[PDB]
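Residue numbers (the authors' numbering): 1 to 47.
Think of the CB as a built atom: it goes at the ideal place given N, C-alpha and C, for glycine as much as any other residue.
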């Protein structure tokens with residue numbers, strides 16, 4: 001359960017975790033639900 005996203009959005013994409021958060025979250029398409037909550041990447045234009 002405790003694979004939630006917290007401060008793991010600063011060191012870089014953990015490609016070796018059960019749940020990941022980075023700016024590359026969209027790159028791998030593997031980010032947690034609390035990515036936007038904890039990290040707040042500021043998706044200006046979106047896509």
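Please return the same chain residues whose Cβ sits closer than 7 angstroms to the Cβ of residue i, not counting the five positions on each side in sequence.
i, result
"residue 41", "23"
"residue 18", "3"
"residue 12", "22"
Going by DSSP in three states, residue i sits in which element: helix, strand or coil?
i, result
"residue 4", "coil"
Leaving out five residues before and five after residue i in sequence, what residues of the same chain have Cβ atoms less than 6 angstroms from its Cβ?
i, result
"residue 6", "38"
What is the rounded straight-line gap between the Cα of residue i and the Cα of residue j?
i, j, result
"residue 14", "residue 47", "23 angstroms"
"residue 16", "residue 30", "11 angstroms"
"residue 27", "residue 45", "16 angstroms"
Sorted by chain position, which residues of the same chain lie with C-beta nearer than 8 angstroms to residue i's C-beta, five sequence neighbours on each side aside?
i, result
"residue 35", "5, 9, 21, 25 and 41"
Check: At what residue ranges does the stretch 8-36 contain a whole run of the alpha helix (DSSP H), taking only runs of 4 or more?
Finding: 25-28
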